Amino acid sequence: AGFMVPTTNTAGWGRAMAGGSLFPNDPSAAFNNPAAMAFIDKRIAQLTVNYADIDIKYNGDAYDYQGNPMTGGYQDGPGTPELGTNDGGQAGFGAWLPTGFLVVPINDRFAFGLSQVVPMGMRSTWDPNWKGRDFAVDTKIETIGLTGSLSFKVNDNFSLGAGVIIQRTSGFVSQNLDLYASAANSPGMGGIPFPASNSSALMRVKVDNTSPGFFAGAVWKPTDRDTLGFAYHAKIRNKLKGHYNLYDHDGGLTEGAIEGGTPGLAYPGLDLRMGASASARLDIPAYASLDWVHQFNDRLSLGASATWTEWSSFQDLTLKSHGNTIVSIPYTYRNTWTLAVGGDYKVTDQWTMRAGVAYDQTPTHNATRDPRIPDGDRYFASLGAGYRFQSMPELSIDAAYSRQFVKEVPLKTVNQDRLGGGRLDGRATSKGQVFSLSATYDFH
Ligand SMILES: CCCCCCCCOCCOCCOCCOCCO
Ligand SMILES: CCCCCCCCOCCOCCOCCOCCO
Ligand SMILES: CCCCCCCCOCCOCCOCCOCCO
């Protein structure tokens, strides 16, 4: 799932998101499939808080543009003590992810939905002096959105839904730049095999953006036992804006070159500075999901779900400055599928148990996968439980645990000329687990 995150509540996490938001009176419908809101008979307010623990590691090699094993370079440029390098260490993280849903039926035909969601999120921080520093150091992306939706009941077996999401994305990327290595491979300054890791500066890009998105859905209940749903979330145009700066620890090599205007001579059309304003498109991919919930009896309900994400829109990551390209990195993500199956079982009038599993394809591919987002296909295994209060005017608590088994993937990353011409040869191992807890208030 690259850097897209499931936008559900604890109950959803408990069943690996199977059935989407089609289970009875699930406030998450306010965003996931607004149409299902037409079948929620009362006011519901819900808050979810997840903690995601992600483990990321690299095992392998890295080479400079001349085929030499990468080294740790120098403390502060030629003449200073040589530094050692490393495997990057643990690049994973632990993060909190809140989610809120509110559903308010208006008429016997209309319902209103409000929600706070986190559509996008990823993070990887490799030790600054690791062997793959020419490809990545830090990567941080998070998208939080506020939503408003409306549902319209056409029949007692069909309804439609539509909504708008106001999204805010913040992004950060840091990566080592080796000007001498870039020059050696340039169309204007090549010829001399400058040694690698003599010049070095940390490139840092910080950008943000707020823009609107639209989504819609439809629900069809053929047999009171079966609830089918189709939801579509359109791609969200998202041009991130901010700045970039280079933190040189070169003994003055990098700044001397830049102030000397040598970069533009190496790569005509390039206007690199020690710092400047910047932009980078990072559209939130469109996706569609088909959900089906079948109630076998008064205690067992199962759900199946298939989501097609149009990750193909993420063709490249291009850093621009004043409308001009600084560097364009191809990623050519592939469209993806995510299948889930799971369900709920009411043990008593108070207790309910959940479980589920899902298969989620990674949009990354071998030719372009790098250390920023080194994921692979994942298998999701979830367990959940819910408790409705005895002496309460309707307050339910839910818990969930979810483990994500990610397959070990290869990294064969090659850097283009202006990025130093180096390459990686290894594999990333990742692991993920989520703890979820929510409180649902059925005030009505
Ligand atoms: C502030 C950081 C954004 C927080 C991101 C929350 C995303 C957490 O995980 C949701 C479940 O993801 C499952 C798989 O494990 C992650 C994959 O390995 C990472 C390499 O691409
Ligand atoms: C398989 C890896 C895909 C990597 C995608 C990471 C994209 C996520 O967002 C990064 C934040 O966007 C802003 C960065 O600046 C643009 C490019 O970096 C500049 C070159 O050093
Ligand atoms: C994100 C893209 C970065 C693009 C970098 C291209 C860098 C190109 O070459 C610049 C040439 O640098 C040459 C030498 O090293 C500097 C030494 O000081 C020399 C003073 O004339």
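For every chain, the first residue of the written sequence is numbered 1 and the count continues from 1 onward along that sequence, whatever numbering the entry uses; residues with no coordinates are hidden. As a convention, the first chain written is A and the first ligand written is 1, with the rest following in written order. Hydrogens are left out, water is left out, and the side-chain values use all remaining heavy atoms of the structure.

The name that the PDB entry assigns to the protein is Probable outer membrane protein, with the source organism given as Pseudomonas aeruginosa. The PDB lists this entry under the title "Crystal structure of a Pseudomonas aeruginosa FadL homologue".

Draft legend 1. The arrangement of the environment of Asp316 in detail. Helix and strand definitions follow DSSP, with helices as H or I runs of at least four residues and strands as E runs of at least two, each counted in order from the N terminus. The residue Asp316 is located in strand β12 (residues 316–321) in this model. For the pair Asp316 and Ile329, spaced 13 residues apart in sequence, the C-alpha to C-alpha distance is 5.4 Å. Definition of a polar contact: a pair of N or O atoms within 3.5 Å, with one able to donate and the other able to accept a hydrogen when the atoms are protein atoms, and with sequence-neighbouring residues admitted only if both atoms are side-chain atoms. A distance of 2.4 Å separates polar atoms of two side chains, one belonging to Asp316 and the other to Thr318. A distance of 3.1 Å separates polar atoms of two side chains, one belonging to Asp316 and the other to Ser328.

Draft legend 2. Main features of the site of ligand 2. We call a residue near a molecule or strand when any one of its heavy atoms sits within 4 Å of it. The environment of ligand 2 is formed by 17 residues, the closest being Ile141, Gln175, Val205, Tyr333 and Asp370. Separating an oxygen atom of ligand 2 from a side-chain N or O atom of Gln175 is a distance of 2.9 Å. Note on areas: these come from Shrake-Rupley sampling with a 1.4 Å probe, and a residue is covered only by the protein chains present in the view. Coverage of ligand 2 by the protein chains reaches 100% of its 610 Å² of free accessible surface. Elements with a minimum of two residues in the shell around ligand 2: β5 (158–177), β6 (201–220) and β12. With three residues, the top contributor of residues to the shell around ligand 2 is β6. A breakdown of the residues in the shell around ligand 2 according to their chemical character gives 13 nonpolar, two polar and two charged. Any residue outside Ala, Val, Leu, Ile, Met, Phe, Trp, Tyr, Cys, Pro, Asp, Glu, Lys and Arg is labelled polar, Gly included; the first ten of those are nonpolar and the last four are charged.

Draft legend 3. Inspection of the site of ligand 1 at higher detail. Of all residues adjacent to ligand 1, which total 17 residues, the nearest are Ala52, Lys140, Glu142, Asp375 and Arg378. Protein contact buries 96% of the 610 Å² of open area that ligand 1 shows by itself. Looking at the shell around ligand 1, the element that brings in the most residues is strand β4 (residues 138–153), giving three residues. Its residues assigned to classes, the shell around ligand 1 comprises ten nonpolar, three polar and four charged.

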